[PDB]
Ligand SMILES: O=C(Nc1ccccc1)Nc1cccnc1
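Let's start with one chain on its own, the form deposited without ligand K0G, as structure tokens.
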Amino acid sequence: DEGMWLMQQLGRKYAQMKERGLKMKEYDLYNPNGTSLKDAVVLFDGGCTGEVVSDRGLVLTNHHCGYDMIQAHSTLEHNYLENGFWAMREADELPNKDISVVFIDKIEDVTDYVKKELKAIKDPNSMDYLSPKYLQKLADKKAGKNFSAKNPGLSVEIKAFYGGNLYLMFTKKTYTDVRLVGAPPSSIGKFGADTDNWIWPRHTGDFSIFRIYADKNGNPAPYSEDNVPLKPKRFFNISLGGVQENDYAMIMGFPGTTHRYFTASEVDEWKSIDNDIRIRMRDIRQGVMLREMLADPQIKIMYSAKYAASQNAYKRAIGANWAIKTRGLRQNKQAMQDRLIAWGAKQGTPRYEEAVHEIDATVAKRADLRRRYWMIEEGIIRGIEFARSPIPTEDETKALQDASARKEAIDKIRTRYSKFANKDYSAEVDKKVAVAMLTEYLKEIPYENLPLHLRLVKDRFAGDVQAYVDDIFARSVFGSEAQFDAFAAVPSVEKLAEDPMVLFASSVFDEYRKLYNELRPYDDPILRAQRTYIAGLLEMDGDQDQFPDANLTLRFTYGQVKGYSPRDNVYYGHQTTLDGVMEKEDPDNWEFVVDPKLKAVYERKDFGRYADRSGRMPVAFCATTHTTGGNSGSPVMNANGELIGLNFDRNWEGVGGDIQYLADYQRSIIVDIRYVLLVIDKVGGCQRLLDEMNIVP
């Protein structure tokens, strides 16, 4: 509802934004024919958002966005991940392989053009209107012959919006020499760590600093020692005025996906299939994993990251199901479609009701298949590590049946075995997880729908899941290192063909691919019906308070700095402070360790001009802006367009906001820019970064 608006929609939203507190001129925020604040926003490394904060190409993003680059440059001698990194001169900034920053140079509405090209319909059921290949052909045709060569660094892309009812062409400028400039220690950059993921109040200094480099003319260039920092078209001024409750705030960024035009049947499906299965299967997996980690400190070391990775979407699904249960998401989608259907009946146009009916029918028809797909994906593909154990290829099997190709096939199989049974793999933990996961899977999936090898539980093992799993490891070539070596010394095709682990892995992957192939055709009638459904919604209520679904393109959102009540008698305010970091300190818990330089800054109150009017040091704030995955690192602006923070998370209560914005619960979690500058200054001691930024009082 609140919205992730197209840049083109700024004109028709401007008066509402001004009434909510916006003070800057419209064209200073976004001008299609000139320089604006939009020119200081980048897509950071294909996922995250970033922002240019100096005339020498300095870029701020999240610590979790620059995490891989900080890790790749870290060694035992210089652990930047643990201690932070602060290049004291431009020449000390570290280059990064496979990095990019994307500027959105121009945005053009090309709807009439794409719709005229589409009229050359060979098949009315064609999915070319959503095809990246087809749309790229139209983008190249419009840009001209050899556009990439005529304009080095630039590229053109056409994307569909509103389910294929609007098309925009983006002219992008990409830079691949982006150097690591600064990062706080992980104790600040990821303070809450996984315990505080999706949590408000939040006390995390989630930022990192990069610098865009380019050739002598400021044109994109790959890494070269002769590259010079980019002098950009526009950069953000940093505000030190802070935030107050009810202050206007706005964000620009690249939200990835939303499902704002789901029917009520799609909400029911998301809850009853997607979320309930992910919740149930991950709770079983996590429960066994946690019991084993708590009983053996060596298991805790090997499985902590696997446990944390599973918990992230598990928490999301719990938050999403809480919104479906308590915030009326299904009911509000039903009211939306019923209103369109009633209006369609008055206009004498039954195609909208026919479109909603096609979506409902497709959802109802794919129910059993989708349930089986989520059950195998959550239960086995993700749930059981030995499902990703080695499967010999057709060429590897042929190589084992008279040439030196046998030793080559064995070396390839060994490399894959060694990756599966790595230093973090416990066959004992995996057997315990598999027994609990398969017990649940076998209770849900009938015999006739089982992957072929799982039929052996009832047929050969008399329903004993433990015995079936024990037999897989006792008899398999991948059951232990000594069993692999005995196989590698005397390898035979017939040994691999009857291997219980190979047959399990092959069988479950065969069923997973068969389900995917049978389910994929159901997406197309839904997409085609959504084009008609969204066209009706737009014709009926206008593209005014109905934003297009997020699709990894540049959007703006506006709101206010505001807390919320999570439950009865509990209020979370709009701002966290450095005192909250100190309250959470736990020296013997890696997630809640506090940097000694930061603790000393707090004790001496060495907050400089970064503290609020009451002398308290701010850390983070939350706002009613509408964000999602892809908005990590987004610049948060004042009513004047000055940088007041970086978006880095959203509270779990608002994750249902991808389907329906939740005004009373959904908040963007933002690191206060005053805390960012305090850390650069008093922790990093990197004064040159402060001096190159334009800091406004």
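We call the rigid core whatever largest set of C-alpha positions still superposes within 1.5 Å between the two forms. Residue numbers here begin at 1 and follow the sequence given.
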item: Segment of greater CA departure in 9 other deposited structures of this protein, 126-134 or 295-303, core superposed; value: 295-303
item: Rigid core superposition result in 9 other deposited structures of this protein, more deviant of 267-275, 179-187 by Cα; value: 267-275
item: Gap at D215 across at least one third of the other PDB entries; value: no
item: Other entries lacking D402, at least a third; value: yes
item: Deposited but uncoordinated residues in the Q401/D402 interval; value: 1 to 3
item: Which of 27-35 and 657-665 has higher mean CA B factor, as the PDB entry lists it; value: 27-35
item: Between the two ranges 268-276 and 482-490, the one averaging a larger CA B factor in the entry; value: 482-490
item: Selection from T195, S426, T349, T624 [criterion: highest C-alpha temperature factor in the record]; value: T349
item: Peak C-alpha temperature factor (PDB record), options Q331, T397, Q286, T263; value: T397
item: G463 - which third its CA temperature factor falls in, relative to the rest of the chain; value: middle
item: Position of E157 among the chain's modelled residues by C-alpha B-factor, lowest, middle or highest third; value: middle
item: Ranked C-alpha temperature factor of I70 among modelled chain residues, by third; value: highest
item: Record-listed C-alpha B factor of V619: chain third; value: lowest
item: B-factor third for the C-alpha atom of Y571 within its chain; value: lowest
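The same protein has a further form, the form deposited with ligand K0G bound, not shown here; the description that follows concerns it.
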property	result
Clash check, ligand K0G transplanted in the bound PDB entry by site C-alpha superposition, 2.4 Å backbone/C-beta	open
Any non-hydrogen atom of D612 within 4.5 angstroms of ligand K0G in the bound PDB entry	no
Contact test in the bound PDB entry: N197 vs ligand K0G, heavy atoms, 4.5 Å	yes
Touches ligand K0G in the bound PDB entry: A482 (any heavy atom, 4.5 Å)	no
Close approach of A295 to ligand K0G in the bound PDB entry, 4.5 Å, heavy atom	no
Among 85-93, 297-305, 138-146, 503-511, the region lying within 4.5 Å of ligand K0G in the bound PDB entry by heavy atom distance	297-305
The unique member of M540, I381, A309, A467 whose heavy atoms fall within 4.5 Å of ligand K0G in the bound PDB entry	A309
Heavy atom contacts to ligand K0G in the bound PDB entry at 4.5 Å, residues of 580-617 in sequence order	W590
